[PDB]
Structure formats: C-alpha cells, structure tokens
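Protein chains in written order, with this note's numbering: chain S, 85 to 303; chain W, 85 to 303; chain G, 85 to 303; chain L, 85 to 303.
There are 4 protein chains.
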Amino acid sequence: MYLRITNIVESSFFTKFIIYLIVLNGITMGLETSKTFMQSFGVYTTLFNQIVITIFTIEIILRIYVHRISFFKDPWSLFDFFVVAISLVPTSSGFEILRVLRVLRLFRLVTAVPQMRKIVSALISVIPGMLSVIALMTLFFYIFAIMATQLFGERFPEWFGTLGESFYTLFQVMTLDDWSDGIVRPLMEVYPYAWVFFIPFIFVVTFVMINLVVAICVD
Amino acid sequence: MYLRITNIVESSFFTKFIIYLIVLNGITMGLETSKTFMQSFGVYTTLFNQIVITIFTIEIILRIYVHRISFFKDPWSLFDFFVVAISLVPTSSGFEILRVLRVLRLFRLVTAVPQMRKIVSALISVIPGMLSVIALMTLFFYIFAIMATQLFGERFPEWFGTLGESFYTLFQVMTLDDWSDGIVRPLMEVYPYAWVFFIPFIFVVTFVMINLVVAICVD
Amino acid sequence: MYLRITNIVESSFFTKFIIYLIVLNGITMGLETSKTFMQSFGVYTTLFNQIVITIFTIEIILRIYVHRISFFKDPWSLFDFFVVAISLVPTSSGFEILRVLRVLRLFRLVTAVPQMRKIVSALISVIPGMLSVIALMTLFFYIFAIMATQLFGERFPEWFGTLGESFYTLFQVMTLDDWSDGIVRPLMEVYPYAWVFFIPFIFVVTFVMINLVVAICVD
Amino acid sequence: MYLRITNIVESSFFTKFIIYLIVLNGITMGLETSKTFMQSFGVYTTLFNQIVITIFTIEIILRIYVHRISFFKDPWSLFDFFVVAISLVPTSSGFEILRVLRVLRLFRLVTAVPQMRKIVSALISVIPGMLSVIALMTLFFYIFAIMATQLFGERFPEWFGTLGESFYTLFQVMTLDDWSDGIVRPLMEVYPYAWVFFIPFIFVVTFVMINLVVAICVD
Ligand SMILES: [Ca+2]
Ligand SMILES: [Ca+2]
Numbered sequence: 085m086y087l088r089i090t091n092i093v094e095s096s097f098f099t100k101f102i103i104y105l106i107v108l109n110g111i112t113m114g115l116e117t118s119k120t121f122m123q124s125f126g127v128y129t130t131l132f133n134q135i136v137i138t139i140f141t142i143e144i145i146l147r148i149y150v151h152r153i154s155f156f157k158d159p160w161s162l163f164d165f166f167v168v169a170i171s172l173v174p175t176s177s178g179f180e181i182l183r184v185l186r187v188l189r190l191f192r193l194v195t196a197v198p199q200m201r202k203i204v205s206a207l208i209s210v211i212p213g214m215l216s217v218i219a220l221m222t223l224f225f226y227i228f229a230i231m232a233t234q235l236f237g238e239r240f241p242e243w244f245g246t247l248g249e250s251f252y253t254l255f256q257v258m259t260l261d262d263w264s265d266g267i268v269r270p271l272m273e274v275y276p277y278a279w280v281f282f283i284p285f286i287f288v289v290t291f292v293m294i295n296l297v298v299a300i301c302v303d
Numbered sequence: 085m086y087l088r089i090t091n092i093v094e095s096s097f098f099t100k101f102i103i104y105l106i107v108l109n110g111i112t113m114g115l116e117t118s119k120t121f122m123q124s125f126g127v128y129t130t131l132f133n134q135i136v137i138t139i140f141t142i143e144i145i146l147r148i149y150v151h152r153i154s155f156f157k158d159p160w161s162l163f164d165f166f167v168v169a170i171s172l173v174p175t176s177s178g179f180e181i182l183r184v185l186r187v188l189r190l191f192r193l194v195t196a197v198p199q200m201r202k203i204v205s206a207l208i209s210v211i212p213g214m215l216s217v218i219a220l221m222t223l224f225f226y227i228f229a230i231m232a233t234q235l236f237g238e239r240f241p242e243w244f245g246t247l248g249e250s251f252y253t254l255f256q257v258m259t260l261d262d263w264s265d266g267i268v269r270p271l272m273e274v275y276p277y278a279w280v281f282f283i284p285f286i287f288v289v290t291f292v293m294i295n296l297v298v299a300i301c302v303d
Numbered sequence: 085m086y087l088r089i090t091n092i093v094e095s096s097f098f099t100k101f102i103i104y105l106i107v108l109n110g111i112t113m114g115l116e117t118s119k120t121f122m123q124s125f126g127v128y129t130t131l132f133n134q135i136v137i138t139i140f141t142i143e144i145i146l147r148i149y150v151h152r153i154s155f156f157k158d159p160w161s162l163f164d165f166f167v168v169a170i171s172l173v174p175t176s177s178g179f180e181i182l183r184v185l186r187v188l189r190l191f192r193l194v195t196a197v198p199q200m201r202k203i204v205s206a207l208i209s210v211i212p213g214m215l216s217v218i219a220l221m222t223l224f225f226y227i228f229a230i231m232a233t234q235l236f237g238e239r240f241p242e243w244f245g246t247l248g249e250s251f252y253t254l255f256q257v258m259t260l261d262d263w264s265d266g267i268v269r270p271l272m273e274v275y276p277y278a279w280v281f282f283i284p285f286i287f288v289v290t291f292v293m294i295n296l297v298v299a300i301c302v303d
Numbered sequence: 085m086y087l088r089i090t091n092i093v094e095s096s097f098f099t100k101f102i103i104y105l106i107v108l109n110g111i112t113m114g115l116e117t118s119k120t121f122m123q124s125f126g127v128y129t130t131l132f133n134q135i136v137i138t139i140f141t142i143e144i145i146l147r148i149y150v151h152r153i154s155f156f157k158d159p160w161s162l163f164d165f166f167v168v169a170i171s172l173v174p175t176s177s178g179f180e181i182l183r184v185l186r187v188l189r190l191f192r193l194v195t196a197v198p199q200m201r202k203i204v205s206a207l208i209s210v211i212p213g214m215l216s217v218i219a220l221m222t223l224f225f226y227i228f229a230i231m232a233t234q235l236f237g238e239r240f241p242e243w244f245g246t247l248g249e250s251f252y253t254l255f256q257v258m259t260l261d262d263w264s265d266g267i268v269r270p271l272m273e274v275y276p277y278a279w280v281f282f283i284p285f286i287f288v289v290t291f292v293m294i295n296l297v298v299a300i301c302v303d
C-alpha cells in the first residue's frame with residue numbers, strides 16, 4: 085500500500101485539492117469576521133472548518149508515511165505540521181490566542197504553492213547576511229535601553245520605567261514615530277539635556293539601518 | 085475619404101492642436117477652483133469645457149477610423165477613450181464623482197506627449213516584477229487583518245471593528261504613521277501584549293518592502 | 085593696472101582672505117542670535133558687518149574687470165553677485181525678509197571653497213535626469229490637488245479649501261506626516277470613501293519616489 | 085616576567101575569560117534595572133560589579149606592559165581604557181551621569197569579539213566618504229537655523245527662540261516627524277508664508293540624504 089498512496093500524495097490532484105481548500109477556508113475565515121454573517125451561517129462554517137482540519141491532519145499523516153525522516157527535515161513541511169497542530173488544540177481552556185492563531189493556516193498558501201516559496205526563501209536568505217548587523221544593533225538597543233531606564237524612568241515611567249518599556253520607547257524613536265513631540269520634547273521639559281541622548285541615538289540607528297539596506301543591495 | 089483623414093489625424097498639427105487644448109482646459113480647471121473666478125467667468129469656462137469635450141470626441145471618433153481594431157488594442161488609446169467617456173457622462177444623476185473624475189482628462193498630457201509615455205511605461209514595467217512580492221504581501225495583510233479584527237475589535241472597534249477597518253489601520257501602521265502613540269500604546273492599555281502582535285508585523289512588512297526596493301534596484 | 089589687479093584677484097591670498105571673512109561673519113551672525121549679545125556688542129557687529137559687505141563688493145567689482153563677460157557666465161560668480169546684491173539692500177525700506185536673506189551669504193563658503201563646489205555640483209547634476217520624473221509628479225499633484233479641492237473643501241476648507249491648500253495638504257500626506265490620524269480618518273468621518281482617494285494617492289507617490297531613488301542609484 | 089605575562093595576556097583563555105565577564109556583567113546590568121531585584125540581591129551585585137571593575141583595570145594594566153606604545157595607537161584599546169576609566173570614577177558626585185555612563189562597558193563585547201570589530205569598522209569606514217556631504221549639510225543647517233531663529237523666534241520661542249532650538253526643530257522637521265501638524269501649520273497661523281521656508285528646506289535636506297544613501301551604495 086505504500087507505493088499505492090505515494091502515488092495518491094504526489095499527484096497533482098491531491099496537492100491541487102489542498103490549495104483549493106486553503107482558498108476556501110481563507111474565504112471562509114473572512115466571513116467569520118462578520119458578526120451579522122455568523123448569525124446566519126455560523127454553524128455552516130464551524131463544521132466546514134472542523135472538516136478542513138481533518139482533511140489537513142489526514143494529509144499530514146499521509147505525507148509522513150510517504151516521507152518519513154525526509155518530512156521532518158523540510159522547513160515547509162514542519163511548518164504545515166505546526167500550523168495544523170495549532171489548529172487542533174481544543175476550542176477551550178489555557179490561552180485563547182491559540183484560537184486566533186488558527187488563522188495562521190492560510191500561510192499554507194505560501195507553502196503549498198511554489199514561487200511564493202521561491203520569493204519567501206529569497207527574502208529569508210538575506211537574513212543570515214544580516215545577523216552580524218542584527219546582533220550589533222541588539223547589543224546597542226540593550227545598552228541604551230538600560231541607560232534610559234535609569235535616566236528617565238523616575239519622572240517618565242510610562243516610557244522608560246522598565247527595561248522593556250525603554251525598549252519599546254526606543255523602538256518607537258527608531259521607527260522615528262512621534263519621537264520629538266511625543267517623547268523627547270516632553271523629556272526635555274525635565275531633563276534639558278535629554279536631546280543629547282536621543283539625537284545621537286537616532287544617527288547611529290539610522291546610519292546602521294542605512295548600511296544594512298546598502299548591504300541587501302550587495303547582491 | 086479614409087486616406088484624406090488618415091493624413092489629417094496623423095499630422096503633427098492635429099496632435100499639437102490637442103496638446104494645446106490639454107494645457108488650456110487644465111489651466112481652465114485650475115481656474116474653476118476659485119469660487120471668486122466662477123462668479124465672473126463660470127459661463128466662459130462651462131461652455132469652453134463643453135467645447136473641448138466635443139473636440140475630444142470628434143478626435144476619438146476620427147482616430148478609430150484610422151486605426152480600427154488597432155485602437156482598441158493600444159493601452160494609451162483605450163485610456164483617452166475611457167477618460168473622455170467619463171467626461172461625457174452628463175453633469176447630473178448617479179454619483180458626482182463622475183463630475184470630479186472629469187479632471188482625469190488632464191492625464192492626456194501624459195498620453196499625448198512622449199517621454200512622459202516613456203517614463204510612465206518605464207515605471208509600470210517594474211510592476212510585473214513586484215507582482216510576486218505584492219501578492220505575498222496581500223496574503224499577509226489579509227491574515228493579520230483577520231487576526232486583529234477578532235483580537236481588538238470588541239474594545240477598539242474604530243480601529244479594528246470590521247475587516248475593512250483592520251486593513252486601514254494596518255496600512256497606517258505599515259506607513260509607520262502614528263503607530264505607537266496613535267494605536268499600539270492605546271491598545272496596550274487594555275491588552276498589554278498587543279506589542280507582541282505589532283512589532284513583529286512591523287519588522288516583516290518593513291523587511292518585505294526593503295527587499296522590493298532592492299529588487300527594483302535589480303532591474 | 086589691469087594686469088596689476090588680475091594678479092591681486094587671482095592670488096591664493098585674495099581668495100583665502102575672503103574665505104577668512106566668510107567664516108568670521110558667519111561666526112558673527114551666530115552671535116547676532118543672542119538678544120543678550122547684541123546688548124553688549126551690537127554695534128561692534130553692526131559695523132563689522134557693514135565692513136565685510138564692502139570688502140565683498142570691492143571684490144565683486146575687482147572680480148568682474150578681471151573676468152568681464154566670463155563672470156556673468158559662471159554660475160558660482162553670478163551667485164556671489166546676487167547673494168551680495170541682496171546684502172546691499174538697506175535696513176529700512178522694502179520687505180524685511182531681505183534682512184534675513186543676508187545670511188544667505190554664508191553660502192559663499194560653498195562658493196569659495198572648491199572641494200564643496202565638487203559635491204554641490206555632484207548633487208545638482210542628478211536633477212536633469214529627474215526632470216522627466218519631477219514633471220510627471222507635478223502633473224499628478226496638480227490633478228489630485230484639483231480633485232481634492234472640489235471633493236473636500238466645503239466641509240474641510242483648512243486642509244482642502246483652496247487649490248494651494250490641497251497642494252500643501254497633499255504634500256503632507258506624501259511626506260507621509262500624520263496623514264491618517266491627521267487627515268484621512270477625519271475626512272472619513274464625513275466622506276467614508278475618502279480612503280478610496282488617499283490610499284491610491286499614497287501608492288503612486290510612494291512608488292514614483294522609489295523609482296526616482298532607484299534611477300539616481302543607476303546614474 | 086615580561087614574556088611570562090605576554091604569554092598570559094595573548095592567550096585564548098585570557099580573551100575568553102574577559103568575554104565571559106562582559107556577558108556576565110551585561111546580564112548583571114539588566115538585573116540592576118529592577119527596583120525589586122535590588123532590594124533582594126542588591127549587595128551581591130554591587131560587590132560583584134566592583135569586583136569585575138578591578139579585574140578590568142588589571143587586564144588593561146597587564147595589556148599595556150605587553151604593548152607599551154603599540155596600545156595607545158590601537159583604536160579599540162583606547163576605547164577599553166576610556167571606558168574602564170569612566171567606570172573607575174567613584175560613585176560621587178558632581179555629575180551622576182558618570183554613574184550611568186558605566187553601562188558603556190558593555191560595548192567591550194563589541195571590542196573583545198572580532199567579526200563585530202569587522203562589521204563596526206565596516207560601518208565607520210563609510211564616514212570619511214560622507215564628510216564632504218556631512219559638512220555640506222552642517223553649513224546648510226547652520227544657515228537656516230539662523231534665519232529661522234530670526235524669522236519666528238519672537239512668536240514661536242519654544243521652537244525657534246534660540247539658535248540651538250532652531251537646530252532641534254529643524255532636525256525634527258528633517259527626520260520628517262510631526263513637521264506639518266506640529267510646526268509648520270502652526271507657524272502659518274501667524275506667518276502665512278512659512279510654507280515658503282519649510283517646503284524648500286525639506287526638498288534639499290531630503291534630496292541630500294537620498295544622495296548620501298546612493299553615495300554610500302557607490303562604495
Ligand atoms: Ca510620523
Ligand atoms: Ca504624529
């Protein structure tokens with residue numbers, strides 16, 4: 085039976101039947117958004133949903149026999165597995181983000197269809213080339229996030245009261261979002277020199293971010 | 085008469101007479117902006133407008149004889165037809181955006197003058213090579229737009245109440261416009277971890293957009 | 085005396101003396117900022133300034149005889165002429181921006197030092213190759229600015245009431261500054277579809293500017 | 085003993101021990117953030133901290149005997165000295181920013197581990213190629229900062245009242261942060277033409293920065 089089903093699984097139909105299902109469950113998940121719609125056809129799609137999930141667990145079971153060890157060394161397959169595993173955790177108990185993480189299965193459209201995979205892989209491949217940069221930056225963030233907490237957290241604890249808060253704020257200043265009128269001018273009303281912290285912070289971080297872009301243009 | 089008019093239409097004079105009309109109607113539409121101006125010369129320019137609109141239909145009628153099917157397979161020609169047709173729809177009934185879209189005819193200065201034609205085409209040509217990225221992105225948006233609506237739409241409906249609102253709001257976060265002080269800091273006031281949803285969204289979406297720019301710096 | 089002064093003017097010393105003056109009057113203009121300082125040395129500086137202006141006119145007088153027609157065909161020389169001319173208009177009569185445009189003379193530091201001339205010229209040279217783009221864009225702005233004035237100026241005249249206002253507002257949307265929370269969300273409170281006008285505006289204008297940057301990173 | 089210690093200092097184990105301490109002290113510093121933690125194990129940390137600082141002076145003492153003049157001509161070594169020196173200044177008292185500046189020692193993780201060194205150096209090298217451009221920009225800023233102070237500082241002293249303030253504000257406009265709704269629309273409420281000052285400022289400054297980015301991609 086091994087070769088029987090290995091012929092079912094690798095068939096253009098089977099794979100095209102799944103891709104057909106992704107687009108249906110995605111269309112169906114957009115419909116689950118409407119508080120009105122759910123009032124009419126809520127049960128249609130609750131069942132239809134549990135239905136697709138079985139189909140999806142069946143496939144992943146089928147796909148493993150056919151691939152064995154090869155399946156758990158393929159990123160895309162591991163993925164498909166975890167995105168379905170998530171989709172199996174009961175509609176109850178624990179945390180309920182897991183209910184919302186069920187929508188992550190529409191990322192199977194990225195998996196099941198190549199080209200997307202071409203492009204996604206294309207994107208991801210640039211990440212190893214960025215890790216030296218990313219690492220640098222994280223040290224830098226880490227250091228300043230610390231200074232800022234102990235420089236501004238007493239008067240300004242929403243923004244800097246905690247190490248994590250400073251991180252967040254720093255992220256915001258880095259994305260250059262409301263940084264002056266929102267954060268640094270306020271800070272200066274108490275600490276006239278805070279500009280001395282934040283203007284330099286902006287330079288290094290914009291410079292770094294620029295360099296990283298010119299580097300992704302090194303290919 | 086075919087060859088008569090094919091030599092009328094294809095003449096430098098014809099084209100340059102139209103181009104003379106574009107820059108005149110365009111000047112005249114800037115003039116229709118002023119509530120003052122309209123109180124003196126509103127009559128001049130409403131009639132002048134109907135005049136230019138005839139001239140433009142006459143031209144388009146003529147241009148079709150000279151080209152036949154060749155005309156309805158030219159992008160630039162179709163346009164002028166569509167934009168003139170828009171400018172034909174009466175000044176009453178239906179919606180009023182059709183009145184306002186009349187100003188779209190000034191895009192004939194792009195259509196009826198080369199180099200512009202070159203440049204626009206140069207731009208558009210880059211699009212097909214973005215279509216894999218653009219597509220990737222639209223899935224991602226679609227996914228998160230769904231997640232957000234069911235995570236925040238109860239307490240924060242203006243921003244996330246409806247799928248369409250989540251899209252808009254997400255766009256705004258992507259353009260990085262008031263994302264922290266406007267949306268995410270507020271959101272965290274009720275859902276402390278919302279930072280866990282939006283910072284990641286920011287990285288990917290910003291990354292993706294970076295790749296797309298380096299890609300355009302490939303062709 | 086012609087060859088006498090052509091040897092005075094073309095001297096390293098002549099130029100280095102002027103350059104010495106630029107840095108001093110610039111230093112002195114940074115000093116004229118203090119309401120305090122003017123109260124202790126206002127006259128020292130008012131006279132020093134009137135002094136340097138002569139020194140610069142004497143130079144321009146000399147420089148012209150030494151160059152004749154060659155002078156009014158050198159950009160840089162014309163500049164220094166017009167910049168110094170501005171600096172000649174009296175303190176009392178006319179517009180008072182003219183008093184402020186005097187500080188434009190510090191741009192002579194750009195004019196009198198060749199290494200700067202290199203870079204400034206480097207910058208400017210890219211502009212001709214953007215004129216095809218810059219034009220495209222100006223047409224676009226012109227058309228939309230017209231559309232917006234007639235779509236929003238009745239309920240929202242501050243942002244859109246006048247042809248020029250829309251330009252300003254559109255610019256702000258384009259620099260992507262508070263476009264959503266500042267303008268488009270408000271606008272949607274009356275005209276639900278304004279999102280239909282402004283998102284597409286953002287795409288084109290963002291796209292175009294990407295192309296223009298990729299184009300410069302081509303030349 | 086010279087060769088004794090030269091074989092101690094240059095040892096892989098020596099290098100590994102210090103890098104061990106950096107990751108420990110940086111971890112140590114993150115914990116120093118919690119007002120909770122400090123009440124519990126504050127003592128543990130302040131002594132371990134003084135301990136590490138001893139170790140670090142000893143290392144630099146040893147390292148100099150082993151390099152003599154060679155040390156104070158190495159950028160990275162100077163840094164380590166100047167950073168540890170900062171950490172040497174007692175817990176009192178004049179400026180307490182000196183206490184905060186202690187955390188700068190975590191940049192030794194940048195210093196003691198190569199590849200980081202590789203990358204940082206890569207970043208720094210681009211600076212010389214921007215200095216004509218950075219200079220250009222600084223003169224430009226300097227000139228406008230003066231004009232703005234004298235054009236708006238009477239009515240808008242918070243933003244423009246002082247040379248330094250104009251600098252801050254201009255920087256804010258340049259980073260393109262809240263520039264319209266925060267500054268220029270206001271300004272215009274009193275001085276209708278301020279748009280004539282800031283739009284042009286924005287073009288140049290945006291252009292130059294773009295040029296500087298393309299200039300970087302050149303190297
Ligand atoms: Ca902003
Ligand atoms: Ca803002």
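The beta-carbon is built from N, C-alpha and C at its ideal position, and this holds for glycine as well.
Check                                                                                                                                                             : Outcome
Taking the CB atoms as reference points, tell me whether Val-107 of chain G and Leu-162 of chain G lie closer together than 8 Å.                                  : no
When every heavy atom of ligand 1 is checked, does at least one fall within less than 7 Å of the C-beta of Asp-303 of chain G?                                    : no
To the nearest angstrom, how far is the alpha carbon of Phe-291 of chain G from that of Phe-255 of chain S?                                                       : 26 Å
Just the chain S side, please: which residues come within less than 8 Å of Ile-203 of chain L by C-beta, in chain order?                                          : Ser-216, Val-217, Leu-220
Please determine whether the Cβ atom of residue 51 of chain W lies at a distance below 7 Å from any heavy atom of ligand 1.                                       : The structure shown does not extend to residue 51 of chain W, since chain W is modelled only from 85 to 303, so the question has no answer here.
Note down, in chain order, every chain L residue with its Cβ under 8 Å from the Cβ of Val-292 of chain S.                                                         : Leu-207
Look up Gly-178 of chain W in the DSSP assignment and say whether it is helix, strand or coil.                                                                    : coil
Nearest to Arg-152 of chain W by CA position, among W:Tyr-104, W:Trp-279, W:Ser-216, W:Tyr-86, is which residue?                                                  : W:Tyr-86
Tell me where the alpha helix (DSSP H) around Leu-108 of chain S begins and ends.                                                                                 : 96-115
Output yes if chain G places a C-beta closer than 8 Å to the C-beta of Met-113 of chain W; else output no.                                                        : yes
Just confirm the distance between the C-beta atoms of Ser-95 of chain L and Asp-261 of chain G, as a whole number of angstroms; I'd bet it's less than 8 Å.       : That pair is no contact at about 56 Å.
With a CB to CB cut of under 6 Å and the five nearest residues on each side skipped, what residues in its chain are close to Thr-233 of chain W?                  : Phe-244, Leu-247, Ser-250
For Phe-228 of chain G, count neighbouring Cβ atoms within 10 angstroms of its own Cβ and tell me buried if that reaches 16, exposed if not.                      : buried
Got a sec? Which residues, its chain only, sit under 8 Å from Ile-267 of chain G by beta carbon, not counting five neighbours each side?                          : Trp-243, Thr-253, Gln-256, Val-257, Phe-282
Can you give me the Cβ contacts of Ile-89 of chain L inside the same chain, cut-off strictly under 7 Å, excluding the 5 residues immediately before and after it? : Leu-146, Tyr-149, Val-150
Which residue marks the beginning of the alpha helix (DSSP H) containing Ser-264 of chain S, and which one marks its end?                                         : Counting along the chain, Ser-264 of chain S falls outside any alpha helix (DSSP H), and DSSP gives it neither H nor E.
Taking its Cβ as the centre, do 16 or more other Cβ atoms sit within 10 Å of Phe-191 of chain L, making it buried, or is it exposed?                              : buried
Using the beta-carbon of each residue, which ones in chain W are nearer than 9 Å to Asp-303 of chain G?                                                           : In chain order: nothing, as chain W lies at least about 13 Å away.
I want to see whether chain W comes within less than 8 Å of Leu-235 of chain G, judged by CB atoms only; does it?                                                 : yes
Check each residue of the region 251-264 of chain G: if its Cβ is closer than 9 Å to any Cβ of chain W, include it; give the result in chain order.               : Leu-260, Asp-261, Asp-262, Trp-263, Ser-264
Classify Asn-109 of chain S: buried if its beta carbon has 16 or more other beta carbons within 10 angstroms, exposed otherwise.                                  : buried
If we define contact as Cβ-Cβ less than 8 Å, is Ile-267 of chain G a contact residue for chain W?                                                                 : no
Among residues of its own chain, excluding the 5 on either side of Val-197 of chain S, which ones have a beta-carbon nearer than 8 Å to its beta-carbon?          : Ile-103
Please state whether the Cβ-Cβ distance between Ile-144 of chain G and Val-168 of chain G is less than 8 Å.                                                       : yes
Would you kindly report the start and end of the unbroken alpha helix (DSSP H) that includes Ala-229 of chain L?                                                  : 215-236
Starting from the beta carbon of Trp-279 of chain W, find every residue of chain S whose beta carbon is closer than 8 Å, and list them in chain order.            : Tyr-252
Could you tell me whether the Cβ of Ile-139 of chain S comes closer than 8 Å to any Cβ of chain L?                                                                : no
Taking Cβ-Cβ distances shorter than 9 Å, what residues in chain W pair up with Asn-109 of chain G?                                                                : Near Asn-109 of chain G there are no residues of chain W at all, since even the closest Cβ is about 42 Å away, more than 9 Å.
Tell me which residue opens and which closes the alpha helix (DSSP H) that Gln-256 of chain W is part of.                                                         : 247-258
Quick check: the region 212-224 of chain W against the region 197-206 of chain S, are there 3 or more CB pairs under 8 Å?                                         : yes
Could you tell me whether any Cβ in chain B is nearer than 8 Å to the Cβ of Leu-182 of chain L?                                                                   : Note that chain B does not occur in the displayed structure, where the protein chains are S, W, G and L.
If the cut is a Cβ gap below 8 Å, which residues of chain S does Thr-117 of chain L touch?                                                                        : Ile-230, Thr-233, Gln-234, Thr-246, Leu-247
For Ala-196 of chain W, does the three-state DSSP call read helix, strand or coil?                                                                                : coil
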